[PDB]
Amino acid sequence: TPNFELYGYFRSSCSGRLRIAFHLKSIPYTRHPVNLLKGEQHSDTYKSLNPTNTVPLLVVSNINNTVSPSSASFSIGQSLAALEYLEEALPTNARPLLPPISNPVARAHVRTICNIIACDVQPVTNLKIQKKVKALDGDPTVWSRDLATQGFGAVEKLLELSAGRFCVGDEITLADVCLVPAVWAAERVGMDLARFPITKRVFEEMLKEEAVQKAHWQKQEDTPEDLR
């Protein structure tokens, strides 16, 4: 079985996706905080680890690295690729986070929700983009609020078809894993979550989960005291 080390940041939504998945699946992992406010993502040493200068970075070891056989480890620098790797590399794990492969329709619904969040909301509202907006003399908060609002609109329309207790029927999936940290992020920029009633119900359902609380941005080792 593989060993896992996560380069993460308490307030990184993409990091939180992995934090949630690890706890849900009962997979132990080693924590390596990277301070994004201090620009530790920008150091040459971290660019060597992840060439996008982003967190999370998942470093997997005790495995056969089929891409670089001489390497003791394998690095996964994008959260959705890392989430699917947990699913594929640990097929006997007691808590699959996708519908079974015999249900490609449900799997596509789950992935569509993940992609709206990970493609259309997070990347255009992250720190790097907010800084580019500020450098143009725009308001990064309004920019981000408008884009998150629009993206949550798309998520809500999907949940109108798929949601039961959770995003897609009555079991937690990768959709819920992506939803929770995106809601934490959207709240930082003053998005009105009540405009999205199903999304809000499902988010609140997830907050009851011990796995989600263990994963909370306010409960990490690198959460500053003032934010705990």
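Each residue number is its position in the shown sequence, starting from 1.
Relative to its counterpart among 196 to 204 and 29 to 37, 29 to 37 has the higher mean temperature factor, C-alpha atoms as listed in the PDB entry. The stretch with the higher mean CA B factor, choosing between 46 to 54 and 161 to 169, is 46 to 54. When the C-alpha B-factors of 123, 140, 91, 99 are read from the PDB record, the largest value belongs to 91. Set against one another, the Cα B-factors of 179, 191, 59, 67 in the record reach their highest point at 67. When the modelled residues of the chain are ordered by their C-alpha B factor, residue 95 lands in the highest third.
Remark: residue 150 belongs to the middle third of its chain, ranked by C-alpha B-factor as recorded.
Residue 127 sits in the middle third of its chain by CA B factor, as recorded in the PDB entry.
Among all modelled residues in this chain, the alpha-carbon of residue 133 has a temperature factor (C-alpha) in the lowest third. The entry lists a Cα temperature factor for residue 144 that places it in the lowest third of the chain's modelled residues.
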